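Structure 1 and structure 2 below are two forms of the same protein chain, each written out on its own as structure tokens.
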Structure 1
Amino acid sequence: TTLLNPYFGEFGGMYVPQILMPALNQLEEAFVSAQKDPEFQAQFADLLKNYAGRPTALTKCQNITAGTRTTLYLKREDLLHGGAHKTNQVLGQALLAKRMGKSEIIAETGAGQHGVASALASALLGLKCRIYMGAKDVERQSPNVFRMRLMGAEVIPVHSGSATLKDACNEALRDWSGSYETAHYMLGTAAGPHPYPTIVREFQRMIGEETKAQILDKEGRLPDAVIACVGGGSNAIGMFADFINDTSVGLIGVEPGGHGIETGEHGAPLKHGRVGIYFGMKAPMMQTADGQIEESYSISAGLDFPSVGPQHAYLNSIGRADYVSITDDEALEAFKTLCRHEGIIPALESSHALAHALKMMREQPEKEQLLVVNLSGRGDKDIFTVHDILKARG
């Protein structure tokens, strides 16, 4: 029994061991009352504004659309403290944890960006933070590990399973089922068991709220489409949420195509996966024909989540949002193009979204269209990856 609907159509739910249900019910109740509490809203807005840097700019691209009839705006979440949109929701979840009287934070990370976000929120708000990371991801992201340790977070490697993100998602839940009286589980995307898809959406929704006010101010109309990459779904649903009722606005989510769909080495469960039950939810996932859960592949570490938030699968099924894929090579070209023409280094995650926008513009260069891309982070963290690929090629 819950206060809110745990399902979006047929997707979602609370598929956890019984022992965790009270933790989830307590969290949903605290969230519902926090959302009706003006003082919680004011503290959250204060931290976003004076600590994280909101509202972020909405930049009109000057050079990239030259010789077409496309107008492209970038919502500059790369300018947020931390360099990625993840900061918005970890601040809200950390305030929630304090509201519940919790004093410790548990989080999972793969690429390391959610771990860094969790650790910086925990240091600011005086919470003890422990982070689970797959030992393969530990070795490959030792910059972000040092960052987490500098911020006072305890990092714990996971060798269980494939020792990647999904195996981190499991050991965080095991810890929480024992510690939830004093600890809050800061899940990193808009997926998992209810109420997390709902909470994370609501703590990211200022992205689309700002974008709407900013585009009406600059162009006097709503965009033709807003485009966002989809790893687990938080930055996309944060951009989409405020436009869902504006039915003239296309909502386009971009899943990583990896080496290409037909190769099977991709991370596109929404369009090329299969509904199953894992990580507390019913949702499309990467799985074998026997029902075992596979990994996604993408050149961007941050799109490595093998499933997708349930609200996105709902939005797809009813035809309100459209989902497409973009391969490693397409995202790399979009990465280079934004650097050379606009002087902005985008995250390789966000380059997937940009790459689809450039495809829309180039395929139909005389189509008049107003596009907004959610630039969900900056790409300083990717320059070594991009460098190695470009030397290996010439």
Structure 2
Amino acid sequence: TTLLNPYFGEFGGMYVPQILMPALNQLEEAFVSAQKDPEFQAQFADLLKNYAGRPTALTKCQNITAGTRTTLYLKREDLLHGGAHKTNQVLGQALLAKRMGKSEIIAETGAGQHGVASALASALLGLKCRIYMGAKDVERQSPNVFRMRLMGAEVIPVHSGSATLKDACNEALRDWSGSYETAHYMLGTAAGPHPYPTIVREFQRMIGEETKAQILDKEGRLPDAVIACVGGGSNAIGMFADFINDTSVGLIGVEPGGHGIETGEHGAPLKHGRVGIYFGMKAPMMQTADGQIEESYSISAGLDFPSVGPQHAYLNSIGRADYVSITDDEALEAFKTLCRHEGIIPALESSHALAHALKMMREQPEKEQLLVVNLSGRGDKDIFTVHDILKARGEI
């Protein structure tokens, strides 16, 4: 029994050990109550505006589109406090955690962006935060690890499995299953068991709401398409949500193609996996013929997850949203192009979305189209990854 529908068509649900159902039910109840509470909405809004820096700019890119009939705007979540869209929902989830009388926060992270966001919200709002991070990501992301620790968070390397995001996810949920009385699990994406896909969407939907208002003000019409990368689904559903009922607006999600779909080294379960049950949800998964969960791969540690949120799976199944993939090399080229031609260093995650937009422009350069890319974060965290790649490839 739930207050809200846990499914998006066939996808979603609450596939957790029985011990955790009361925690999920309490969270749902607290969320429904908070959404009707003008004091909660006012405090959330105040933090978003005066602490995180909303609204974020919508930037027209008048160098990268030269010579084509594409007009391209970037929604500048990279300018949010912390450097990415993750800060939106951590603020809301932290307020929910306090509303429920929880004093501790558990969070997973890949490249460290949700970790940094969880750490900063916990520091501001007086919560004790512990972050699980794949040991391979820890080794490669020592700067974001130190940032989390500077803000008072405990960072716990995870050495199991691939030692990446999926493994951090597993450990966080194991932890919560023995600490839910005092700890809120601050899940970092629009996935996992109900109510997380719904809560994360609602605490990220200001992205699309602002984008709609900004594009109407500047262009007098809606975009032809909005484009966002998809690792778990948070930034994409935050952009998509307010446009779902605007049937003329294309919704395009970009999964990581890694080394190429044909190599098996990618993170594109929505289009190249099949439905399974894992991480609390019924959703498309990368899995073996036997039903073991496969390890994903991407140059971008924030997209390195072998499943995807159920609402995206649903929006795809009905044809409302279209999903594509972008390889490591395509993302790298988009990263370099934005740095050099717009003076913006984008996250490698967001570079996947930009790469697809650039493809939409370059493939049909005389097609008149108004596109918005969700620039979900900044790429300062990625400069070492990019450097080592360009060094190994002889480019520098």
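Between two forms, the rigid core is the largest collection of C-alphas that superpose within 1.5 Å. FYI, numbering is relative to structure 1, first residue = 1.
Practice task
Report the residue, chosen from 188, 197, 134, 231, for which the CA moves 2 Å or more between structure 1 and structure 2 after the rigid core is overlaid.
Solution key: The displaced C-alpha is that of 134.
Handout entry: Core-aligned C-alpha movement of residue 161 between structure 1 and structure 2, 2 Å or more
Key = Yes, its C-alpha moves 2 Å or more.
Practice task
Report, to one decimal in Å, how far the Cα of residue 175 moves between structure 1 and structure 2 once the rigid core is superposed.
Solution key: After core superposition, the C-alpha of residue 175 moves 2.2 Å between structure 1 and structure 2.
Handout entry: Rigid core superposed, the C-alpha shift at residue 342 between structure 1 and structure 2 in Å
Key = The alpha-carbon displacement, core-superposed, is 0.4 Å.
Handout entry: After superposing on the core, C-alpha shift for residue 295 between structure 1 and structure 2 in angstrom
Key = It moves 1.7 Å at the C-alpha.
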